[PDB]
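S.K.: I am attaching a structure below and will ask some questions about it afterwards.
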Ligand SMILES: C[Se][C@@H]1O[C@H](CO)[C@@H](O)[C@H](O)[C@H]1NC(C)=O
Ligand SMILES: C[Se][C@@H]1O[C@H](CO)[C@@H](O)[C@H](O)[C@H]1NC(C)=O
Ligand SMILES: C[Se][C@@H]1O[C@H](CO)[C@@H](O)[C@H](O)[C@H]1NC(C)=O
Ligand SMILES: C[Se][C@@H]1O[C@H](CO)[C@@H](O)[C@H](O)[C@H]1NC(C)=O
Ligand SMILES: C[Se][C@@H]1O[C@H](CO)[C@@H](O)[C@H](O)[C@H]1NC(C)=O
Ligand SMILES: [Ca+2]
Ligand SMILES: [Ca+2]
């Protein structure tokens, strides 16, 4: 499946891939390299709660390739600017980080976790991640001109910003290719319409175009607290479609192929509020689990993990419980135990990793959307080793 950057998952992972694990702990940054030797390595004495005063409430911490060598660097939007530790290539990183731009920060430009969104993305096909922010007046970009040189921020589009009424408690904003040129476009679930804005590839987006009168707070009664929405390729043409977990179950609107969108249809009477699914209890994801390389549905429910496989065209097979674990009944909690659907093995069929109370656990896809046994990875990066959602940030990420 394709590169989509979302609020929930701001660090995309590759399909196929062998993702690593990265934790911003109280003491700094730690990695678990996906390899024959599984261990935790501390790489940076910074970007932590007690290593630089980093706070989930004020600061943003991401991974992105900022040089074009396909190795992920550590990027932090700190108190007064953007800080970067680059990947040295050998399971080490530059420490300390350097400040590349005095903007996109709590005390540089007045950026706020409660009002604004900050991502890193290669928006101009340079091979390097630019800084992209949904701020007050619209979307701002700072161009990554290479050699650690980031240009002053410029307005990319006067839309999708706080000034245009966009709110984190009502609306959703994504970056995803909806046209097929490989450039990430804006997809925004607004007050009463889904909008797209076409990336021109030059640090600007085209005027926003309304494409769907649904999936929004004021179009079908879609709420942030009950009804998660995602953007993903459901058909295999590498153009993103829309999928929402609504009241009756799963609704889609399929891309016509040019970034306009078709009718909204209920495609599966499961994974929705009426089947007992709750944002506070459960995790719902779309990722490629099969050799069809299309979005399949995965839900971490009460009794375990449930999967519905896409036939290749956006229609879905029966729901099956594939793993009797990682579920609310087994003690897993949204507010304690991060769970990700990510390729860990390199076959293109996403696997499961969960940061449990005591250990990190994985479960491998057999290659067909069914799963083997649960595997212990390590006894670290967990609640009992001092990791909480309030004070730490954890990701699956392809470091290399
Ligand atoms: C006075 Se901000 C503080 O600066 C030091 C370097 O002086 C840096 O090590 C920290 O990471 C940074 N923390 C944040 C949150 O920005
Ligand atoms: C790239 Se900072 C951005 O700068 C413009 C002018 O440059 C200012 O009006 C914005 O309010 C400020 N902050 C945010 C959060 O959008
Ligand atoms: C009256 Se809603 C408002 O409409 C205008 C015009 O279409 C659009 O440019 C804004 O982005 C949209 N804002 C949200 C939050 O939906
Ligand atoms: C009163 Se539910 C509402 O039903 C209509 C069709 O009746 C559908 O278009 C909406 O998308 C759906 N909203 C959610 C959140 O499920
Ligand atoms: C009483 Se849990 C329930 O089990 C059925 C199958 O028995 C499954 O199809 C549902 O989607 C699942 N819901 C949740 C929240 O896990
Ligand atoms: Ca595009
Ligand atoms: Ca796999």
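Where a number appears in this text, it was derived from the coordinates with a stated rule and is not lab data.
S.K.: For the range 324-400 and the range 213-269, what is the separation of their Cα centres, given in Å?
M.R.: Result: 27 Å between the Cα centres.
S.K.: Same structure, new question: Gap in Å between the Cα centre of the range 184-208 and the Cα centre of the range 38-107?
M.R.: Between the Cα centre of the range 38-107 and that of the range 184-208, the gap is 28 Å.
S.K.: Please grab the % of Cα pairs in the range 206-293 that end up more than 18 Å from each other.
M.R.: Numbers: 1754 of 3828 pairs.
Percentage above 18 Å: 46.
S.K.: Taking the chain as a Gaussian network, Cα atoms linked when under 10 Å apart, which of 142, 225, 359 shows the biggest mean-square fluctuation?
M.R.: 225
S.K.: While we're looking at this one, here's another question. Which one of 186, 194, 40 has the biggest mean-square fluctuation once the chain is modelled by GNM with Cα springs under 10 Å?
M.R.: The residue that fluctuates most here is 40.
S.K.: Quote the relative contact order of the range 230-293 in percent (integer), defining contacts as alpha-carbon pairs under 8 Å separated by 6+ residues. Let's see the in-between values first.
M.R.: Numbers: 102 pairs, mean separation 17.1, N = 64.
In percent, rounded to a whole number, it is 27.
S.K.: Evaluate the relative contact order of the chain (contact order divided by residue number), counting alpha-carbon pairs under 8 angstrom at least 6 apart; express in whole percent.
M.R.: With pairs under 8 Å counted, the relative contact order is 15 percent.
S.K.: Hey, in the GNM for the chain with a 10 angstrom Cα cutoff, which one of 312, 133, 246 fluctuates hardest?
M.R.: For the chain, modelled as a Gaussian network with Cα springs under 10 Å, the answer is 312.
S.K.: What translational diffusion coefficient, to the nearest whole µm²/s, does the range 255-400 have by Stokes-Einstein, given a Kirkwood radius computed over alpha-carbon pairs, a temperature of 10 °C and 1.306 mPa s viscosity?
M.R.: Numbers: Rh = 16.2 Å.
This corresponds to a translational diffusion coefficient of 98 µm²/s.
S.K.: Hey, what D do you get for the chain in µm²/s if you plug the Kirkwood alpha-carbon radius into Stokes-Einstein at 25 °C and 0.890 mPa s?
M.R.: Answer from the Stokes-Einstein relation: 116 µm²/s.
S.K.: Continuing with the same structure: Could you list, bin by bin from short to long, the percent of Cα-Cα pairs of the range 153-195 in 5 Å steps?
M.R.: Percent of Cα pairs in each bin: 5, 21, 27, 24, 16, 7, 0.
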